[PDB]
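One chain follows as structure tokens, the form deposited in one PDB entry.
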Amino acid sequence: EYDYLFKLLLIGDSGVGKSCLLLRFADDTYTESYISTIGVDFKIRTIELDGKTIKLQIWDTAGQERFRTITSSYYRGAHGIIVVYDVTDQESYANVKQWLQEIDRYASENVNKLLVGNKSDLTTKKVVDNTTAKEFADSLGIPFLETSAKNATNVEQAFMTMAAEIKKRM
């Protein structure tokens, strides 16, 4: 029986791997194919944390600009928002500031945030230095993790740490 029900949103630029992060966490599957999300997709996953059962309702948003006014509708309900960039794509990291701005515009004032640098397995094509991204996230008091949906690395931890932080402030 459920102790908490948290709503999470994944946002960030098209092609950074939001959908693959959710597929990995919710279905333990992965695809190398690129099929952009139309609007917002939804999955649930129940986790156990600190002896508590937490149901997570997770919305995976389209990163493409033409969906953006619609995706904004889901921001208010979120307890936690995960902002994803691709560690091989500098512009996706540069657009983190824009995404943080969407959060300020549309989200609840007390929303928890996490910055994720995805595709950490692409070690030879990495252009966003993790010390840079970590200094950035520190400067904002936002937690930071690098993930690989492909190799499963830190995927469970990203969702688990987000839940932990939500649970602490209630």
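Residue numbers run from 1 along the displayed sequence. Between two forms, the rigid core is the largest collection of C-alphas that superpose within 1.5 Å.
- Taking the mean C-alpha B-factor of each stretch as recorded, 119-127 and 141-149 are not equal, and the higher mean is that of 119-127.
- Averaged over Cα atoms, the B-factor as recorded in the entry is higher for 63-71 than for the other of 63-71 and 99-107.
- In the deposited entry, the Cα temperature factor of residue 44 places it in the highest third of its chain's modelled residues.
- Residue 112 sits in the lowest third of its chain by CA B factor, as recorded in the PDB entry.
- Looking at the C-alpha B-factors along this chain, the one for residue 157 belongs to the highest third.
- Looking at the C-alpha B-factors along this chain, the one for residue 167 belongs to the middle third.
- Among the modelled residues of its chain, residue 2 has a C-alpha B-factor that falls in the highest third according to the deposited record.
Here the subject shifts to the form deposited in another entry, a form of this protein not shown in this document.
- Once the rigid core is used as the reference frame, the Cα position of residue 90 differs between the shown form and the other one by less than 2 Å.
- In the core-superposed comparison between the shown form and the other one, residue 43 has its Cα shifted by less than 2 Å.
- The Cα shift for residue 57 between the shown form and the other one, taken after rigid core superposition, is smaller than 2 angstroms.
- In that other deposited form, the CA atoms of residue 104 and residue 135 draw together by 3 angstroms or more relative to this form.
- Between residue 104 and residue 129, the Cα spacing is smaller in that other deposited form than in the shown form, differing by no less than 3 Å.
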